[PDB]
Amino acid sequence: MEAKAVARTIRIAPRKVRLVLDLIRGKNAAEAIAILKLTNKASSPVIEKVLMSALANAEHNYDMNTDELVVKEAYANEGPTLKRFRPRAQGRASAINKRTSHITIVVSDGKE
Amino acid sequence: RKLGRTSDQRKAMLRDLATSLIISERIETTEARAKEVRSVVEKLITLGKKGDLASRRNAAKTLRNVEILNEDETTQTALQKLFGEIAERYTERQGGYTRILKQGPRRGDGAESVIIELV
Amino acid sequence: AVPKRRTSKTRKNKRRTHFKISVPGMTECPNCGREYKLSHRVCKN
Amino acid sequence: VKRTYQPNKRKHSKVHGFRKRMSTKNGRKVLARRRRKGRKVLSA
RNA sequence: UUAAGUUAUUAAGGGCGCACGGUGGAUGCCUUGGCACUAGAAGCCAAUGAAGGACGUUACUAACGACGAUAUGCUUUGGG
RNA sequence: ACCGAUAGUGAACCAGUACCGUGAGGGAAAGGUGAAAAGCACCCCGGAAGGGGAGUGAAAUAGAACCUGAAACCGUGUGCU
RNA sequence: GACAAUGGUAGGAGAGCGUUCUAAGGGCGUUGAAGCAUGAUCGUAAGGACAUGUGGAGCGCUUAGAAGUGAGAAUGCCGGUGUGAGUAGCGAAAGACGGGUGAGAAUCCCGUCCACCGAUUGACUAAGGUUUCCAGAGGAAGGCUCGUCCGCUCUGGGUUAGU
RNA sequence: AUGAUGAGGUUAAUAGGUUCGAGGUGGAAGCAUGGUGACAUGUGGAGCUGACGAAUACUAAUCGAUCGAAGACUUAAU
Ligand SMILES: [Mg+2]
Ligand SMILES: [Mg+2]
Ligand SMILES: [Mg+2]
Ligand SMILES: [Mg+2]
Ligand SMILES: [Mg+2]
Ligand SMILES: [Mg+2]
Ligand SMILES: [Mg+2]
Ligand SMILES: [Mg+2]
Ligand SMILES: [Mg+2]
Ligand SMILES: [Mg+2]
Ligand SMILES: [Mg+2]
Ligand SMILES: [Mg+2]
Ligand SMILES: [Mg+2]
Ligand SMILES: [Mg+2]
Ligand SMILES: [Mg+2]
Ligand SMILES: [Mg+2]
Ligand SMILES: [Mg+2]
Ligand SMILES: [Mg+2]
Ligand SMILES: [Mg+2]
Ligand SMILES: [Mg+2]
Ligand SMILES: [Mg+2]
Ligand SMILES: [Mg+2]
Ligand SMILES: [Mg+2]
Ligand SMILES: [Mg+2]
Ligand SMILES: [Mn+2]
Ligand SMILES: [Mn+2]
Ligand SMILES: [Mn+2]
Ligand SMILES: [Mn+2]
Ligand SMILES: [Mn+2]
Ligand SMILES: [Mn+2]
Ligand SMILES: [Mn+2]
Ligand SMILES: [Mn+2]
Ligand SMILES: [Mn+2]
Ligand SMILES: [Mn+2]
Ligand SMILES: [Mn+2]
Ligand SMILES: [Mn+2]
Ligand SMILES: [Mn+2]
Ligand SMILES: [Mn+2]
Ligand SMILES: [Mn+2]
Ligand SMILES: [Mn+2]
Ligand SMILES: [Mn+2]
Ligand SMILES: [Mn+2]
Ligand SMILES: [Mn+2]
Ligand SMILES: [Mn+2]
Ligand SMILES: [Mn+2]
Ligand SMILES: [Mn+2]
Ligand SMILES: [Mn+2]
Ligand SMILES: [Mn+2]
Ligand SMILES: [Mn+2]
Ligand SMILES: [Mn+2]
Ligand SMILES: [Mn+2]
Ligand SMILES: [Mn+2]
Ligand SMILES: [Mn+2]
Ligand SMILES: [Mn+2]
Ligand SMILES: [Mn+2]
Ligand SMILES: [Mn+2]
Ligand SMILES: [Mn+2]
Ligand SMILES: [Mn+2]
Ligand SMILES: [Mn+2]
Ligand SMILES: [Mn+2]
Ligand SMILES: [Mn+2]
Ligand SMILES: [Mn+2]
Ligand SMILES: [Mn+2]
Ligand SMILES: [Mn+2]
């Protein structure tokens, strides 16, 4: 129907990816790519590549007209997180969380 | 009067940035350094536009040594190019032989990049 | 000094309403295609 | 600062060696015990 | 329109309900391993070099076993 | 009328081993795809990772970090506010 | 059918709910068991059913028997995940531009200029450490950022003595 | 601090430059002369000069996008 694509365990924290994701959500696919290319945060290129792949198999698979396509929905979910430490003063170690996330984008036409 | 580093290191980077771009007409830098360097460069170009040994020995006080490779054979000096090359171009021109072009943010630190070029 | 009571999901989100990023000011390249940031260079074309 | 433990190959092998264990009844008792637990290292 | 009075829409964001997801590894089912006994065998190995190891052996070999320089096996009797 | 993976041995996994101590010594965690590897040919976006089709299968909303997949916790949509 | 009584801590007395296993009887189950989820269901309570989804092989009921039989608190033990919060920190120090490379460079290579140590940040070697040394590839994780790079990864090599 | 306030955005003096100037310093370099020289005088209130003051579009404020009214009901009064 109205196509989607997903990237899994990207190693950016979900809070961080979500910031870029909010600007893109609900927007026309073209300007979505624009806002993505100009927004200078770290997650922007990653999210870009995901939206590109989404529109790509929205055409090669479901044969929609790419230009009428809209970013119907985008989000990021907590992935598994790598756990590391960080030695400190007095010889105590302390926690560090290298978190990762599943980014999802879904583009669209009309209802049918 | 913008800074970045310490008062002397700032001097050094400014002479370095100024000598460069005389060496090669245009360079890429932070917007802040571009706005600082433009003054030092137009000023060196007026010392060049005067022509006297006074203002030459004067341009020498700031400008770096360098080497410069002229097209085909032979070697100039950044000084020699300031007085014996660039100044020839800008005699009829009034003030302001410089422009900053706004490249936008770079990856590593997101500093805003700009090109700074001659005419 | 330490927090004396944990923040609730509600308090923490209310504290975050202003923590967005603004959509960049942007403009179409005249007859070049890719859009660029405002009052910034048009690139190599 | 000068931490405890400056390594020394000779001194480590004297005092803590197979042979040094063997040299007294108790060292043999030690090797006995470690053999009983089945340490992959035993005395070293 | 003028005066007096009365109401509402807005949600930056929040709350309740619901839907769809993610994380996480409880719960159910499973058992290669354990746990306590029963009946019978057996209760010693060692200078003819032990117990326990070290280093090696395979087309390719890091690890475990097996084997030792006749090395990932040799002869021999029987089973298959 | 014993345990069923926080149990039962410390050890159901190449355990007295990662790891820790100069040493004597201390001492873990870690089981499960499927009936069968049939473990996704090929096309597509991507440097790759990862993914959408197309397929194997009763099932992959069983795809390997793989049975079931609770709660905390994180999100997207919105009916009343 | 009238009548009486029924607040309650320590504590005594009574009657019951549910969990695992066992025995006997009687049943359910791939036309879908347990489990999980949802619901406007039922009983005086603990608690019991029914329908739908999920799940993919086991499980109730009756009578009795036996217990590792019921958790919210022990600065309890293990595991997961929050809050603090996009907060503290990123470990003494001078760097700039040009040119390469690359999917991608403040951070890798080359270049010029600048700078810092110079009884030492230089050159040897003992202790200790044991392939970190060299070459070509690589970039998941390690590196407090980045990475095309590395004391990291893969593949292949490298230590020669009568004195 | 950031935002905020204010001065401007080509029909333009908002910054930078350029040419002038205030103020600061105190007599640049090069040459000439006088000395054996270290130095002195002349050329010449010289030269240089961040923030301060004018003038001047030479450089840069380009193109462009976003947001923002159509005016509720009742009663009395023209
Ligand atoms: Mg032991
Ligand atoms: Mg009124
Ligand atoms: Mg209004
Ligand atoms: Mg909103
Ligand atoms: Mg006997
Ligand atoms: Mg019993
Ligand atoms: Mg000790
Ligand atoms: Mg491609
Ligand atoms: Mg490709
Ligand atoms: Mg399919
Ligand atoms: Mg599939
Ligand atoms: Mg029951
Ligand atoms: Mg039933
Ligand atoms: Mg079903
Ligand atoms: Mg229920
Ligand atoms: Mg009973
Ligand atoms: Mg507790
Ligand atoms: Mg902040
Ligand atoms: Mg190594
Ligand atoms: Mg290596
Ligand atoms: Mg003389
Ligand atoms: Mg004067
Ligand atoms: Mg508009
Ligand atoms: Mg009214
Ligand atoms: Mn320490
Ligand atoms: Mn100094
Ligand atoms: Mn990067
Ligand atoms: Mn929010
Ligand atoms: Mn031991
Ligand atoms: Mn017996
Ligand atoms: Mn004998
Ligand atoms: Mn033996
Ligand atoms: Mn035979
Ligand atoms: Mn165990
Ligand atoms: Mn389990
Ligand atoms: Mn199997
Ligand atoms: Mn693939
Ligand atoms: Mn099929
Ligand atoms: Mn898992
Ligand atoms: Mn599963
Ligand atoms: Mn009572
Ligand atoms: Mn009463
Ligand atoms: Mn009692
Ligand atoms: Mn069926
Ligand atoms: Mn059961
Ligand atoms: Mn039944
Ligand atoms: Mn109990
Ligand atoms: Mn608890
Ligand atoms: Mn805990
Ligand atoms: Mn704070
Ligand atoms: Mn702070
Ligand atoms: Mn900070
Ligand atoms: Mn550092
Ligand atoms: Mn290139
Ligand atoms: Mn270099
Ligand atoms: Mn020095
Ligand atoms: Mn050594
Ligand atoms: Mn070491
Ligand atoms: Mn090396
Ligand atoms: Mn890194
Ligand atoms: Mn304003
Ligand atoms: Mn004018
Ligand atoms: Mn003056
Ligand atoms: Mn405009």
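Residues numbered from 1 in each chain as written, not as in the entry; some residues may be left out. Chains lettered and ligands numbered in written order. Part of a larger assembly, values for the part shown. Heavy atoms only, no water. Residues with missing side-chain atoms left out of burial classes, pairs and counts.

Now for the sheet that holds strand β3 (residues 112–117) of chain B. Residues and elements named next belong to chain B. Read from one edge of the open sheet, 3 strands run β1-β3-β2, paired in antiparallel fashion. Pairing within the sheet leaves two strands with one partner each, and these edge strands are β1 (26–30) and β2 (99–105). If you compare each strand with its neighbour and ignore which way they point, the axes differ by 25° on average. As paired strands, β1 and β3 are joined by 5 bridges and run antiparallel to one another. Bridge pairing links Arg26 to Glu117 in β3. (Pairing = 2+ DSSP bridges. Helix = DSSP H or I, 4+ residues; strand = E, 2+ residues; numbered from the N terminus. Axes fitted to C-alpha atoms, helices over the stretch in contact; angles between N-to-C directions.)

All names here are of chain B. The tally for this structure, following the rule as stated, stands at 1 aromatic pair over all chains. Taking 5.2 Å as the distance between ring centres and 25° as the angle between the ring planes, the aromatic pair formed by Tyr90 and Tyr97 counts as stacked. A relative accessible area of 1% places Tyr90 in the buried class. A residue is classified by how much of its surface remains accessible, and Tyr97, at 3% relative accessible area, is buried. (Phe/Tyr/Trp six-rings, centres within 6.5 Å; stacked < 30°, edge-to-face > 60°. Buried < 20%, exposed > 50% of the residue type's maximum accessible area, 1.4 Å probe, protein only.)

The environment of RNA strand E is made up of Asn77(A), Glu78(A), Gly79(A), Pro80(A), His102(A), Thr10(C), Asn13(C), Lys14(C), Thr17(C), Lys20(C) and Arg35(D). By atom count, sugar and phosphate contribute 87% of the portion of RNA strand E lying within 4 Å of the protein. Within the contact set of RNA strand E, a base nitrogen lies 3.1 Å away from a side-chain nitrogen or oxygen of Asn77(A). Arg35(D) has a polar side-chain atom sitting 3.2 Å from a sugar or linking oxygen of RNA strand E. (Near = heavy atom within 4 Å. Polar contact = N/O pair within 3.5 Å; in protein donor to acceptor, adjacent residues only side chain to side chain.)

What follows deals with the side chain of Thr104(A). Residue position: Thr104(A) is located in strand β5 (residues 101–108). Ignoring any residue separated from it by four or fewer positions in sequence, one finds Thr104(A) in contact with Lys4(A), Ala5(A), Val6(A), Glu73(A), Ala74(A) and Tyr75(A). (Contact = heavy atoms within 4.5 Å.)

Opposite the 5 residues of chain B that make contact, chain C presents 4 residues. When residues of the side of chain B that touches chain C are assigned to their parent elements, the largest contribution, 4 residues, is made by β2(B). Of the residues in the side of chain B that touches chain C, the class split is 1 nonpolar, 2 polar and 2 charged. (Nonpolar A, V, L, I, M, F, W, Y, C, P; charged D, E, K, R; others polar.)

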